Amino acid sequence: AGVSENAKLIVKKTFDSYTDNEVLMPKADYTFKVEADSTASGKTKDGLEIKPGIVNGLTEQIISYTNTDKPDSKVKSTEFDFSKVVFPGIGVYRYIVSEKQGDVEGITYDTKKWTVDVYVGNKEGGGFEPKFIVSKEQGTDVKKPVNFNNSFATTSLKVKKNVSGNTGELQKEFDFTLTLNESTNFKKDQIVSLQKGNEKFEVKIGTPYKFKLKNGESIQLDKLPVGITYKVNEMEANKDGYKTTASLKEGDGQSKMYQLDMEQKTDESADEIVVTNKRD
């Protein structure tokens, strides 16, 4: 554990808190870098010299995910080949391995780093090569394979109809449309679950979803991706005597006006839209 007997270091990527198949994995890339440990000095238990790692020969490496990946396919890997480095002699060459901070909305990128000790011996026929690679969490003495853990947030949207006024028709059915738009990280034809009462429905990103609400009724999407846009529209707004007003409330914040059919970007605050249809 944490000791590889070749010249390759395996680096894994995980999302420990991603367990719900209904949730969409963001289409995203994770970038890993190997740096010299410039503070490396001294000697090992058997007297071997500890030296800063040589990075010429190494490059940044990427692990990619798509919306098709699910909790069961969430662990991926890349391999850094230290045999591409020219070592000038016997020694322990010490590196630091890390994940770059990306820029995708909703994603938390692992900040932990790993100490990687490459034990270099004589190569048959001349010169030198890695014999063992030892990895540990930086600031620890525990041998452990290199693993970076990311997470991503989901959010929600609820849309409710209230019909008000003296002559508001308390069983009239208002037509609504919900459209989720594609983004860089969430693509067309991916599914998000919508709940109306005790029934579940599938909404496809990029296809307007038609539904109906009477007074008191709502739809909700509990596991919406972060960083997409949506539009909510009510087809008969301000018709048949009705004064229609729509509001948006985010988390425990203050309600503000929501313009029917206007794009709203999803972020880390839960959204609730109330459409009031008043008739005095």
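Don't overthink the numbering: it's just position in the shown sequence, from 1.
Higher mean CA B-factor, judged across 68-76 and 194-202 from the recorded values: 194-202.
The question of which stretch, 109-117 or 170-178, has the higher mean Cα B factor is settled in favour of 170-178. In this entry, the residue among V55, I228, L48, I62 with the greatest C-alpha B factor is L48. Within the group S255, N238, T31, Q220, the record's highest C-alpha temperature factor is found at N238. The PDB entry assigns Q259 a C-alpha temperature factor belonging to the highest third of its chain's modelled residues. When all modelled residues of the chain are sorted by CA temperature factor, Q138 is found within the middle third.
In this PDB entry, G127 carries a Cα temperature factor that places it within the middle third of its chain's modelled residues. Sort the chain's modelled residues by C-alpha temperature factor and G89 lands in the middle third, per the entry. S151 sits in the lowest third of its chain by CA B factor, as recorded in the PDB entry.
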